[PDB]
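Numbering (the entry's author numbering), first residue to last: 3 to 125, 127 to 261. What follows is a short report on a single structure.
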Ligand SMILES: [O-]
Ligand SMILES: [Zn+2]
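The structure is reproduced here in structure tokens:
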């Protein structure tokens, strides 16, 4: 793999190695709030993170992942549009070089400064690698970030970044509680889509929260000091690691709220 978010290997190039980039169920998308339909049939999401076990944070060269123990049903997503039970495997963010861009989903073409993705896989498929091969294999909870007041539950993440500055670096990241990254409301939009990184597999039920969380400018500044590169290599700041909105095609975005 040689894809990234640079001047020569970014989203507009991905289709050469990953032709599904131009597919029928690609993410992210712009959410036109007037066209999304309230679906009174949709349930409240069930976000069950009480028993979550965070383990490690890893700079993978494109973002940082906070990894969880997904060997048992500890931290699970159920309900909403979903059937069955989806285990949290990791979360990460997408962000910009400046506050005016960074989110992958947009809302009436509005870009947020960043977007958090909590990635979960369907336990009926047994492992993550099997799940990504199935149309109902993943459930990703998307949460927008806007810049204003600090998010206290984010600071443990921001404080560790200096220890994983470069690609391939990891640090212990036990005892982190992802419930502190949620907004107050769980109202959401949902649609069928894909991973937003190569391999771009069309295996995701997207659940995007309507209420953004507020983070401080200092918190997002610290995301922007990370590096895409490896140790000792020419410094390339980890900024603008977002794929732009893709065509909606023959899809309907459903709202949980009226
Ligand atoms: O992603
Ligand atoms: Zn993501």
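Idealized CB from N, CA, C, for every residue including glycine.
| Asked | Found |
| --- | --- |
| Measure the beta-carbon distance from residue 176 to residue 56 and round it to whole angstroms, keeping in mind my assumption that it falls under 8 Å. | 5 Å |
| Helix, strand or coil: which one does DSSP assign to residue 117? | strand |
| Could you say which of 249, 61, 235 lies nearest to residue 241 if we only look at CA atoms? | 61 |
| Which same chain residues, not among the five before or five after residue 260, have their C-beta less than 6 Å away from its C-beta? | 190 |
| Tell me, which residues are paired with residue 69 by DSSP? | 58, 92 |
| Assuming residue 72 and residue 89 are in contact, meaning their beta carbons sit under 8 Å apart, how far apart are those beta carbons, in whole angstroms? | 5 Å |
| Any chance the CB of residue 121 is under 8 Å from a heavy atom of ligand 2? | yes |
| Looking at residue 121 and residue 94, is the spacing between their C-beta atoms short of 9 Å? | yes |
| For a test of your reading of the model: does the CB of residue 107 fall under 8 Å from any non-hydrogen atom of ligand 1? Yes or no. | no |
| Which residues does DSSP list as the beta-bridge partners of residue 212? | 191 |
| Can you give me the C-alpha to C-alpha distance between residue 6 and residue 207, rounded to a whole angstrom? | 21 Å |
| Which residue from 194, 30, 3, 167 puts its Cα closest to that of residue 68? | 167 |
| Closer than 8 Å: is that where the CB of residue 258 sits relative to any heavy atom of ligand 2? | no |
| Between the segment 27 to 34 and the segment 154 to 168, are three or more C-beta pairs nearer than 8 Å? | no |
| In terms of alpha-carbon separation, which member of 209, 4, 85 lies closest to residue 143? | 209 |
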